[PDB]
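# Chains from the complex, first installment, not repositioned:
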Amino acid sequence: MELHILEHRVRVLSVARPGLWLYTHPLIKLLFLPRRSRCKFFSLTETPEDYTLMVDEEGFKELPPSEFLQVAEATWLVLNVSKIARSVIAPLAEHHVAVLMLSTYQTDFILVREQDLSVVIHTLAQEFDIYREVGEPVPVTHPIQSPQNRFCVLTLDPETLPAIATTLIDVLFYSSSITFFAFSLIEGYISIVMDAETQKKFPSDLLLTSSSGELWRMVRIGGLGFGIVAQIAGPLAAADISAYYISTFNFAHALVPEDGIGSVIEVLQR
């Protein structure tokens, strides 16, 4: 009903896989040391093509430029709705506006270029009461591939993050079968997307998820998009199935429960 435009000014970066070693210091600082960084919006996706980073202005100042870093132009604002495939993503795609969804364990995030904020407001003025954050709300006027990986979505208490820090560092920096891993830390909330095989490496009592197992399957599209997320959002909105939308620098992803993988595969095939 209400589209809150968050204060964060996210810059989308891309890190080459061989170049991850150079950025291990600031990345660890942002991941595990909240007191040593003012960053409030941090994302990190481990795709086979490259490493995708979505940090705000404060976080971006800690990443030194290099030959392994590709930085997308223009600053991306954050859209949050207080399900949404046919409400916020499909109408925006109908207006030819690029979006980069970052679905977390807490809420679904939508990223739009700041140069296209007016078009986003125009498209979403008739469906949402668009708000702008300044501390308080201010009312503003391709081929498909489905890897056989069974993914799980986890949150984590920040107090228990240091306990599993070594295993997380080993997974992130020292490592069908797409080998996908997404980590986000927005407003003090942690959302981790990881394969089932990697879950066994971690304690089960510290990771929080559905108390039924509830492993999920994944779908990837694309092949430097700087709005390919429309190709999954649109047809799946017509199918009306909930899904995590994790858009990277090159690929975009759509995580669905293992029970409904057949339906989404069938609807996306046609």
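Now that the structure is in, tell me what you want to look at. Residues are numbered from 1 along each chain as shown, chains lettered A, B, ... in the order given.
# Show me which strand runs longest in chain A.
The longest strand of chain A (DSSP state E) is strand A:2-15.
# Pairing partners for it, with directions?
Strand A:2-15 has the following strand partners under DSSP bridges: strand A:51-55 (antiparallel), strand A:69-71 (antiparallel), strand A:76-81 (antiparallel), strand A:129-133 (parallel).
# Neighbours of residue A:23, how many?
Counted with other CB atoms under 10 Å, residues neighbouring residue A:23 total 22. For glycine as for every other residue, the C-beta is placed from the backbone atoms N, C-alpha and C.
# Let me fix that, I meant to ask about residue A:24.
14.
# my read: it touches residue A:174, true?
No - the pair residue A:24 / residue A:174 is not scored as a contact, 9.5 Å apart, by CB atoms under 8 Å.
# quick one, which of the strands paired with strand A:2-15 is packed in tightest?
When the strands paired with strand A:2-15 are scored by mean count of other CB atoms under 10 Å, the highest mean neighbour count falls to strand A:51-55 (a mean of 26).
# Give me the contact list for the helix or strand just after that one.
Next in sequence after strand A:51-55, counting helices and strands by DSSP states H and E, comes helix A:57-60. Contacts to helix A:57-60, defined as CB atoms under 8 Å, 6 or more residues apart in numbering, come from residues A:9, A:11, A:13, A:30, A:37-42, A:75.
# at 6 Å what do you get?
Applying CB atoms under 6 Å, 6 or more residues apart in numbering, the set of residues contacting helix A:57-60 from outside is A:9, A:11, A:30, A:38-39, A:42.
# same structure, new chain, call it chain B:
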Amino acid sequence: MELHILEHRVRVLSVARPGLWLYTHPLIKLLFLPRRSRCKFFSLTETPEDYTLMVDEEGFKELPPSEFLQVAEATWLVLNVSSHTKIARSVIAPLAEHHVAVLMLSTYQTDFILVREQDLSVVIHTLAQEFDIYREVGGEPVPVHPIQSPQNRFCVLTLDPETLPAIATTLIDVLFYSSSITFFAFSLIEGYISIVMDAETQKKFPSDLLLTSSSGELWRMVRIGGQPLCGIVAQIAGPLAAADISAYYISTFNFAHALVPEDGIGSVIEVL
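Adding chain B to the chains above:
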């Protein structure tokens, strides 16, 4: 009475202070992930001038060359004195008498003497009279400068390797994200962890994980020497052995250190 030449080919590095962040990934790999590295001898010593690393040849391959790194030209062998006590008057001083450079690295478990490979013959010549030289080949023994006194209090430490991941975040924060001197010595040698950090830093880590002396005894320092990579040590270890004072030596690339107990800090200062 028996001296062992360990099977470590140690290269002494000197990471500049601004260039730590470039080496964070291999340093983290060596410090916190033993299963991911083949290194068996690591020693990091935080000093205000620069960082000093004592990692063997197997672990040296993981450190990428850069403009912020200075590497010692020679290869250092690790000499360890067994008991089957006071090595300052029997190892460092006789080697100084023969003009051989040493890089002491004392740990919470045992004290290590590092000598150059090119000086191995002179070491065997000097230390044969007093010590029976042994060589660890194939896992089995084989027979062959003004001083300063910073006012901060230091404490040697050890950690259970199964407990290191629990305090990993604090260790990383202290190492990479941080009258009075800043000193932090870490050494993971053959599975043994020896940490020498200031008493102020001790408050950050839990008291249950740190395991030393059962009484909170704190050490004092007497940094010395100058000019990067011996005198730096003979100039202090020799006089301290003459005074017959037990000390905890930590040599670095350009400077030498000798931890002494807080009670004997004044005596150590007066001796020099």
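# Go back to the neighbour count of residue A:23, now with chain B?
25 (other CB atoms under 10 Å in any protein chain shown).
# Let me know the distance separating it from chain B.
Look at residue A:23 and chain B: by CB to the nearest CB, to the nearest Å, they are 9 Å apart.
# residues contacting that residue?
Listed by CB atoms under 6 Å, 6 or more residues apart in numbering or on different chains, the contact set of residue A:23 reads residue A:15.
# gap between the closest residue to residue A:234 other than its chain neighbours and residue A:101?
Nearest non-adjacent residue to residue A:234, counting by CB to CB, 6 or more residues apart in numbering or on different chains: residue A:90, 5.5 Å away. Noted for residue A:90: a distance of 12 Å to residue A:101, by CB to CB, to the nearest Å.
# which one of these two has more residues nearby?
Ranked by neighbour count (other CB under 10 Å), residue A:90 and residue A:101 place residue A:101 first, with 24 against 18.
# In three-state terms, how would that one be classified?
Local secondary structure at residue A:101 is given as strand here, using DSSP: H, G, I helix; E, B strand; the rest coil.
# That one contacts residue A:243, correct?
No - here residue A:101 lies out of contact with residue A:243, judged by CB atoms under 6 Å, at a distance of 9.7 Å.
# sorry, back to before: and the residue nearest to residue A:234, which helix or strand is it part of?
Using DSSP H and E, residue A:90 maps to helix A:90-94.
# Residues contacting that helix, please?
If you take CB under 6 Å, 6+ apart as the criterion, helix A:90-94 is touched by A:99, A:123, A:227, A:230, A:233-234, A:237.
# Any residues of the stretch 51-200 of chain A in contact with chain B? List them.
A:162, A:165-166, A:170, A:174 (CB under 6 Å from any CB of the partner chain).
# onto the same structure, chain C please:
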Amino acid sequence: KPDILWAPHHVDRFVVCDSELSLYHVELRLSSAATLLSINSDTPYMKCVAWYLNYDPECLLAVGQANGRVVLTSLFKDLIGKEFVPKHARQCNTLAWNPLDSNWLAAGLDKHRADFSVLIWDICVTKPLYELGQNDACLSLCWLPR
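The block that follows adds chain C to the chains above:
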């Protein structure tokens, strides 16, 4: 690594050492079934457990903690909660009560610069009655029965 240790007496009782101590009675289904009688979890990071060979008091476990402190937990009320502590803290590998004299508690510790490893305590914080073995690590201890 969890360990099972039969008590020197009370042939129907045993303690299964784990992250938390637990004394069972041979009456889970052992074969026979085991009925839990006590559980002590006040000595974390235990790495060495040895029975008190003297009859009184029964069920006295010398729990060697990971910091070198030996806690005489009772899984003569003076010998309860005793906290024998080494000169310098380090892992306690092996413990072995002497059979001829069941009040000595030989303790084996890890390496140190100038601290004795194999400390022979006195059951009677304290000081070792005998301190043998310096700059080494006593991995195992076994009193000669003769």
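# same question on the neighbour count of residue A:23, but with chain C included?
25.
# Strands of chain C, start to end?
According to DSSP E, the strands that chain C contains are C:3-6, C:13-17, C:21-26, C:34-40, C:46-48, C:61-65, C:70-73, C:83-84, C:92-96, C:106-109, C:116-120, C:130-134.
# Nearest to chain B, out of these?
strand C:130-134 (5.9 Å; CB to the nearest CB).
# could you say what helices and strands the closest one packs with?
strand C:116-120 (3 or more CB pairs under 6 Å, 6 or more residues apart in numbering or on different chains; DSSP states H and E).
# okay, the angle between the strand it packs on and strand C:92-96?
30 degrees (axes from the mean of the first three to the mean of the last three CA atoms, to 10 degrees).
# and strand C:116-120, what other elements does it pack with?
Counting by 3+ CB pairs under 6 Å, 6+ apart, strand C:116-120 packs on strand C:106-109, strand C:130-134.
# Now do the contacts for residue 86.
This is for chain A. By CB under 6 Å, 6+ apart, the neighbours of residue A:86 are residue A:237.
# should've been chain C
Residue C:86 touches C:68, C:109, counting by CB under 6 Å, 6+ apart.
# tell me the contacts of the residue most central in space within chain C?
Nearest residue to the geometric centre of chain C (CA atoms, centre = their mean): residue C:62, 2.6 Å. Under the criterion of CB under 6 Å, 6+ apart, the neighbours of residue C:62 are C:50, C:70, C:72, C:95, C:105.
# Surely residue A:156 and residue A:190 touch.
Yes - Residue A:156 lies in contact with residue A:190 (CB under 6 Å); the separation is 4.4 Å.
# Thanks a lot, catch you later.
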